[PDB]
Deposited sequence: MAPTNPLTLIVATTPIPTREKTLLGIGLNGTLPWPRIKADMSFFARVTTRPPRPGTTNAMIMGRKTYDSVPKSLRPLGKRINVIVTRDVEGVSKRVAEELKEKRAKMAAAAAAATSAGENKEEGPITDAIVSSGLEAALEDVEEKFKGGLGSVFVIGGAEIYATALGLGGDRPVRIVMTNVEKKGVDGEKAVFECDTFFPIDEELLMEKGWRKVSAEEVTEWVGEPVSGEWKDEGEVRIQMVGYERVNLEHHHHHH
């Protein structure tokens, strides 16, 4: 049987006339101010190797790559796979940003050692550029072999849409739901220009099953309660869906 593909995503419900949409982005970033708990969950989950001496890959569209501030990409301790139609041109720039990322990480390692910090094994940092999502799955598999840990599809809408259309193989969605806290007991909505490519089929479990908190906990390797948690002016919860 074939290894599962995990979509990880934070969404916000937007009621429309015809149906609730799930908003994920505005103007090339996220629709909401920084949610610390979502970012740390995202960081921990996508970094955490499924067995010792492996490194997880994140596969992402080029715009999502661009959405991270430049000094913070490629994202550390994971293999970053950037999907594009301009492999040639994006490669050169990714190479450039990787090498700067390398410089930062090296200085930090030297400093930590100099500080007497107990160094240990851990996943590596890489970035490679592929011409498609299938190509990226192949590429990362060929490059890393048995050092490859789990594979996440981390967005955005075009790559997610591609992930969901792959010819069957398990696909699971780890989703953080994000909602403004009510004011005078009405809940305002986030403006988004980018949406998760499906919505209703998840909320009404049509071809999808919402799984137990226990199941998600197993997927992501840390306790997930699936309870709402207050984070300033938003509340958030983590859930999972598997295709049926």
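Coordinate coverage of the deposited sequence breaks at 1-2, 171, 248-256, these segments carrying no C-alpha atoms.
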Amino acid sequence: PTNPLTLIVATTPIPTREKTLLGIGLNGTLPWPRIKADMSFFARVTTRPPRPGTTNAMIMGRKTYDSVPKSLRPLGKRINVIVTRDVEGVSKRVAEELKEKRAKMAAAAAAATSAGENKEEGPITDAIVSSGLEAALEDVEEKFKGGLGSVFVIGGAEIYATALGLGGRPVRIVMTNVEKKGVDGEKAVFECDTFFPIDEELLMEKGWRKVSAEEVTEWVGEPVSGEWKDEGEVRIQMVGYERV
From here on, numbers count along this sequence of modelled residues.
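Mean CA temperature factor is higher for 200-208 when stretches 200-208 and 24-32 are set side by side in the entry. Checked against the record, the higher mean CA B factor of 7-15 and 229-237 lies with 229-237. Across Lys70, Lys180, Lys63, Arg44, the entry's maximum B-factor at the CA atom is seen for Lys70. Of the candidates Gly122, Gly149, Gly167, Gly155, the deposited coordinates give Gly167 the top C-alpha B factor. The deposited CA B-factor of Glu215 belongs to the lowest third of values across its chain. In this PDB entry, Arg78 carries a Cα temperature factor that places it within the lowest third of its chain's modelled residues. Ranked against the other modelled residues of its chain, the C-alpha B-factor of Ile159 as given in the entry falls in the middle third. Per the deposited record, the Cα B-factor of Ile128 falls in the middle third when ranked against the other modelled residues of its chain. In the deposited entry, the Cα temperature factor of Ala135 sits in the top third of values across the chain's modelled residues.
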